[PDB]
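Starting off, we have a lone chain in the form deposited without this ligand, written out as structure tokens.
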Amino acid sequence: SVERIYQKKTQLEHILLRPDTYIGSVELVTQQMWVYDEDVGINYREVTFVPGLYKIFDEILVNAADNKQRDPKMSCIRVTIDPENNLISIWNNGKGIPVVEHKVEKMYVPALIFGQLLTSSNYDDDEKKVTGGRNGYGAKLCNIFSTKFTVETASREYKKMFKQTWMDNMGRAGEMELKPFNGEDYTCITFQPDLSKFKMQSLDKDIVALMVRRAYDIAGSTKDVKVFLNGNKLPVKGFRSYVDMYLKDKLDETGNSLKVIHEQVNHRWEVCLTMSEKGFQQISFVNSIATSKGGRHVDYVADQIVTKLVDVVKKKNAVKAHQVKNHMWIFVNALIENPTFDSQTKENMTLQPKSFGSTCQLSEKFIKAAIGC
């Protein structure tokens, strides 16, 4: 019938029906990538996981990191991953969410921004923030892909603590709980991923290894934020220390230890460069988002290195750009104003350098070290 063929879907139905552009694939994929295995540390290996599950975790984690920008006093992020009870919790301190009724939406702010699509504090680009949040989907996406999703946030400013639980893929909502509060602010998101939607039995070794490395990413990309994972503080202090976990004792194909060049250009840019034996490689972050596919921030840095190096071969000489890039392994941690991406998953940052809100001119010292690695 005509009504069978031509269908209209609600926004909520569309997300569950076509998850890919929202949270990535909901099918099990087997591929190689960086993870953190216990008793091994950060290593590159083949893993079988569901991108979508890894992503709803990421959305909540990045939201926590975003609060450090909202309130620089924030100093900690506590993560809990419990396979047995299928429970994941992301806690952060610093200013909590305003526990008060939104005068326009007629409901308490936390319920609005965690229980309704297209809600955000990042819709006014005049503020030129360097938060990772941008579309107003992230948290609701995690909620929709969870069987139980709880939001607890305490606001001393408003003298109240808010707690409310959603269930059945954000299809049901429990009673909002309000209580007087006069303590240290905090926000804790606790959720039970709907494994049925990901066709999984439980949170296995592979997915956990991915989530743990992601926690290390956060500890390495943020500033003055201690990250705990199941009670254990992650031993990371600065982007440099994080990059070292990847290189530490790795040796060159000849035998010599890989040389690592580093420079924290300014308060918004930090770069590390080493030689690659498998073509161009990049590990990048924008506003604490893991830009796994890279983007303009990577090109911007990588290219000025390439140029310099090419301008050195012109002397000892017709080298192509890609030829030089193939021997490069670059790490970049940047803070970008109002970044744009190809999709909600934010794996590729597309904003033009002219609009970054800052520049990253590598030093002569860095270049000199680069021209001789």
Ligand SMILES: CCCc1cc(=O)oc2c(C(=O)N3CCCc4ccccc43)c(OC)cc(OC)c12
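Numbers for residues come from their place in the sequence shown, where the first is 1.
What comes next is about the form solved in complex with this ligand, which is not displayed.
- Although the partner is absent here, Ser284 lies within 4.5 Å of this ligand in the entry with it bound, judged by heavy atoms.
- Heavy atoms of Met33 reach within 4.5 Å of this ligand in the entry with it bound, making it an interface residue.
- In the entry with it bound, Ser155 stays away from this ligand, with no heavy atom inside 4.5 Å.
- Contact annotation for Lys197: none of its heavy atoms lies within 4.5 Å of this ligand in the entry with it bound.
- None of 162 to 170, 226 to 234, 80 to 88, 241 to 249 except one has non-hydrogen atoms within 4.5 angstroms of this ligand in the entry with it bound; the exception is 241 to 249.
- For the options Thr291, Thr274, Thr150, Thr222, the residue carrying a heavy atom within 4.5 angstroms of this ligand in the entry with it bound is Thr291.
- Residues of 50 to 70 lying near this ligand in the entry with it bound, listed in sequence order, are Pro51, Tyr54, the criterion being any heavy atom within 4.5 Å.
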